[PDB]
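Let's start with one chain on its own, the form deposited in one PDB entry, as structure tokens.
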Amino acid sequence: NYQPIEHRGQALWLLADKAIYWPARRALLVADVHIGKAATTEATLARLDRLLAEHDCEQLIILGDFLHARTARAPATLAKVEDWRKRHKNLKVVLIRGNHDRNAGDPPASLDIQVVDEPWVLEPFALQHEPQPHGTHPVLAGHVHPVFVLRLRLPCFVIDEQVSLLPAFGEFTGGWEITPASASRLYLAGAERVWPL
């Protein structure tokens, strides 16, 4: 399931697997994948496989935090990421780098993906990892792992005119808690559904 919304003149599909499908651009957007981070690698790639099979995607765009830290990521993470990519040979991939990605020297060239530094404008949005305001464009960003507490922390889409937050696609603990008092539009991701609050 997904929740169709209209944002900055664009239809966007908030997906229950913590991702955004952008039909006009045939674009799948994810943030904070952390490939190779344990709760592993095979499971994160298989979820992407399913999203790619469910929607007509010509490109995948990663809003930073692609690979988990080399010294702590699951063995051979890099290898089957490479197999996965060339299994999706016709898919265009773009990593928008945050501080961790750029410091790590990610991605390796053998992955055959595109790499830019935040912000990268793709009209009408400035795409970023770090959720800081942009002077000319509305922002889609990640990095803080937004969650909402029910009673239970659930990943949360945060849709806002200035800076919108995608929930982390990959494993994480804690996360920046979005309070009920938020002025933004909130959508919870969990149990295969998206829940507008």
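Between two forms, the rigid core is defined as the largest C-alpha subset superposing within 1.5 Å. Numbering starts at 1 and runs along the sequence shown.
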Residues of the deposited sequence that sit between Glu54 and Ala53 yet are not modelled: none
Using what the record says, work out whether there is a hole in the model between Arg151 and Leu152 and how many deposited residues it spans (none, 1 to 3, 4 to 9, 10 or more). 4 to 9
Mean B factor on CA atoms, stretches 25-33 and 139-147, record says higher is 25-33
Looking only at CA atoms, which has the higher mean B factor in the entry: 180-188 or 13-21? 180-188
Going by the entry, which of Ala126, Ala72, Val115, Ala104 has the most elevated CA B factor? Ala72
Going by what the PDB entry lists, where does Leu48 fall on CA B-factor within its chain: lowest, middle or highest third? middle
What third of its chain's C-alpha B-factors does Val94 belong to: lowest, middle or highest? lowest
Divide the modelled residues of the chain into thirds by Cα B-factor and specify which third, lowest, middle or highest, holds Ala168. lowest
Considering every modelled residue of the chain and its Cα B-factor in the PDB entry, is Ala39 in the lowest, middle or highest third? highest
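The following text describes the form deposited in another entry, which does not appear among the structures shown.
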Once you align the rigid core, which of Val116, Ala72, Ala79, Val121 turns out to move its Cα at least 2 Å between the shown form and the other one? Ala72
Taking the rigid core as the superposition reference, indicate whether the CA of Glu171 shifts 2 angstroms or more between the shown form and the other one. yes
Compare the CA separation of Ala109 and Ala72 in that other deposited form with the one in the displayed structure, and answer closer or farther (the difference is at least 3 Å). closer
By 3 Å or more, the Cα spacing of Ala74 and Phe157 differs in that other deposited form; is it closer or farther than in this view? farther
